[PDB]
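Heads up: the structure comes next, in structure tokens.
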Amino acid sequence: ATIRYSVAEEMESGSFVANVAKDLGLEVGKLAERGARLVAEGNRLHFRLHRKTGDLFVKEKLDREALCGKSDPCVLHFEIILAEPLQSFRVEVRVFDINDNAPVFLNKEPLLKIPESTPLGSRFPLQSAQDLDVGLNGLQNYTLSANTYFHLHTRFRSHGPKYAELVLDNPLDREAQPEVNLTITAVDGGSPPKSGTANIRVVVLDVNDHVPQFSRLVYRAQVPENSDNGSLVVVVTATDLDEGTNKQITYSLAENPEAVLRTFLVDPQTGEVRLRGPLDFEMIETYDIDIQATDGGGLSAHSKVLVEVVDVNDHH
Ligand SMILES: *[C@@H]1O[C@H](CO[C@@H]2O[C@@H](C)[C@@H](O)[C@@H](O)[C@@H]2O)[C@@H](O[C@@H]2O[C@H](CO)[C@@H](O[C@@H]3O[C@H](CO)[C@@H](O)[C@H](O)[C@@H]3O)[C@H](O)[C@H]2NC(C)=O)[C@H](O)[C@H]1NC(C)=O
Ligand SMILES: *[C@@H]1O[C@H](CO[C@@H]2O[C@@H](C)[C@@H](O)[C@@H](O)[C@@H]2O)[C@@H](O[C@@H]2O[C@H](CO)[C@@H](O[C@@H]3O[C@H](CO)[C@@H](O)[C@H](O)[C@@H]3O)[C@H](O)[C@H]2NC(C)=O)[C@H](O)[C@H]1NC(C)=O
Ligand SMILES: *[C@@H]1O[C@H](CO[C@@H]2O[C@@H](C)[C@@H](O)[C@@H](O)[C@@H]2O)[C@@H](O[C@@H]2O[C@H](CO)[C@@H](O[C@@H]3O[C@H](CO)[C@@H](O)[C@H](O)[C@@H]3O)[C@H](O)[C@H]2NC(C)=O)[C@H](O)[C@H]1NC(C)=O
Ligand SMILES: [Ca+2]
Ligand SMILES: [Ca+2]
Ligand SMILES: [Ca+2]
Ligand SMILES: [Ca+2]
Ligand SMILES: [Ca+2]
Ligand SMILES: [Ca+2]
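In terms of PDB author numbering, the sequence shown opens at residue 1 and continues consecutively.
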């Protein structure tokens, strides 16, 4: 009823396809004589017939991804018309698929920002790739680069892979490495398989999971009673391994006896523990002051400075 042939994709134009006279029920001379003409719909003119030889050539480089797109059978139809007697013959040439397209990502550099306090076992979806081929020549599998935090889990469908997702195996600690960088690899199933890699940048968001720590737990100080107002008792420092607003330190005098808050002050920024009142050895020999370093998130830490006034009042 209908005659068909098979051709390979992306072969050079003018290349041979088949010989018509054989499977037409005629001979070459008959083809030349009966006026063998190729006719199809106006839009498609993919082939060419040489009458005198009965030879079928392809007129253009056939690109299957353009003609059929994502369709499994790529078939081109056209009819051979004759004359005396006037016969019409339906011909269909199938364009086989080859592996001339590798998988690719639209974002070669995706940006995935994961908070530091992320529960172990959490999953992060990744955008799939695009292999324009069909079947085994299309997408088949994903792989993840060597890593100490993640492992890749590829959600599959019946025909092909749905998409891939990162699964966290280890607790993310920003203080260790604030960023982890990876390369996802998309692999088809052709022979040889073709690959397409993308580069994921995983940024770890700082969480206030670090209380400020004072240098010394106890600050020893020996201050002369005849010292002036605003004289520097001591300088205290507090460190925070975090970043952002969860790092800046706010020093403060809190929960102290009246005398302390009456004769002492502290600089909220620098840590300048200084005087705001007079001193007399006979009245108060020693002060013990608990200062408080407060973090932006609210994590506070205490430390006591033990001041001891020196020299009898007006001894020298
Ligand atoms: C999709 O691909 C994954 C992993 O990728 C494949 O396996 C690698 C080892 C390489 O050979 C890649 O070229 C290849 O694409 C497949 O899952 C994995 O299959 C392998 C089969 O050998 C399993 O072997 C393991 O090997 C390690 C050490 O090499 C051992 O510690 C394991 O105990 C085990 O023997 C592996 O467990 C398995 N999973 C992972 C995460 O690698 C997957 O089968 C494939 N799917 C399809 C449909 O192709
Ligand atoms: C994110 O990480 C990628 C991955 O780096 C690669 O993966 C690791 C797991 C290891 O296997 C590394 O050995 C491997 O490079 C980085 O991509 C890499 O970029 C560099 C330069 O930007 C590329 O360097 C090469 O150097 C050789 C010899 O010097 C040249 O011949 C190459 O032409 C190339 O210049 C490296 O090839 C490339 N790796 C891959 C797989 O593409 C990426 O830089 C990094 N990004 C960030 C922001 O950290
Ligand atoms: C000894 O010094 C303290 C503190 O001096 C302060 O710190 C220095 C580094 C400089 O920056 C000074 O400019 C700064 O004042 C003195 O205590 C402070 O006195 C001033 C003025 O009396 C107070 O300012 C105001 O006081 C009025 C009074 O009603 C309030 O209403 C205002 O709100 C405003 O606070 C200031 O509060 C007070 N305390 C501090 C911690 O600065 C002190 O007067 C001086 N002399 C003696 C004898 O102690
Ligand atoms: Ca192609
Ligand atoms: Ca193809
Ligand atoms: Ca392919
Ligand atoms: Ca931490
Ligand atoms: Ca942190
Ligand atoms: Ca902190």
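Idealized CB from N, CA, C, for every residue including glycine.
Helix, strand or coil at residue i [DSSP, three-state]
i           : result
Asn137      : helix
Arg157      : coil
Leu112      : strand
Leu38       : strand
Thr263      : helix
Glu92       : strand
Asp23       : helix
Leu67       : helix
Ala32       : helix
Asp288      : strand
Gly196      : strand
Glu9        : coil
residue 325 : As shown, the chain starts at 1 and ends at 316. That puts residue 325 outside it, with no answer to give.
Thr148      : coil
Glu84       : coil
8 Å contact criterion, which residue i and residue j should meet: CB distance rounded
i      : j      : result
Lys59  : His46  : 6 Å
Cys68  : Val91  : Between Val91 and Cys68 the Cβ distance is about 17 Å, and since that is not below 8 Å, they are no contact.
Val233 : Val223 : 6 Å
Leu126 : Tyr163 : 6 Å
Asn256 : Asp290 : 7 Å
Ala129 : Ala66  : Going by Cβ atoms, the distance from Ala129 to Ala66 rounds to 20 Å, so no, they are not a contact pair.
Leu306 : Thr286 : 7 Å
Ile200 : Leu106 : Incorrect: roughly 13 Å between the Cβ atoms, too far for contact.
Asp72  : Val134 : 6 Å
Pair within 9 Å by beta-carbon distance, residue i and residue j
i      : j      : result
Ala102 : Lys30  : no
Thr250 : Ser215 : no
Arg274 : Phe264 : yes
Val202 : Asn229 : no
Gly54  : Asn19  : yes
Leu144 : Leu132 : no
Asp242 : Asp209 : yes
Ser15  : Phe57  : yes
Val104 : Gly25  : no
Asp97  : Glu9   : yes
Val7   : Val93  : yes
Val309 : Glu225 : yes
Heavy atom of ligand 9 within 8 Å of residue i beta-carbon
i      : result
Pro212 : yes
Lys162 : no
Near ligand 3: residue i beta-carbon under 8 Å from a heavy atom
i      : result
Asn256 : no
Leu265 : yes
Any non-hydrogen atom of ligand 6 within 8 Å of residue i CB
i      : result
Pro110 : no
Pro103 : yes
Residue i beta carbon near ligand 4 (any heavy atom closer than 8 Å)
i     : result
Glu10 : yes
Any non-hydrogen atom of ligand 5 closer than 8 Å to residue i Cβ
i      : result
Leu168 : no
Any non-hydrogen atom of ligand 1 within 8 Å of residue i CB
i      : result
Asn141 : yes
Alpha helix (DSSP H) runs contained entirely in the region 231-264, provided each spans 4 or more residues: 258-263
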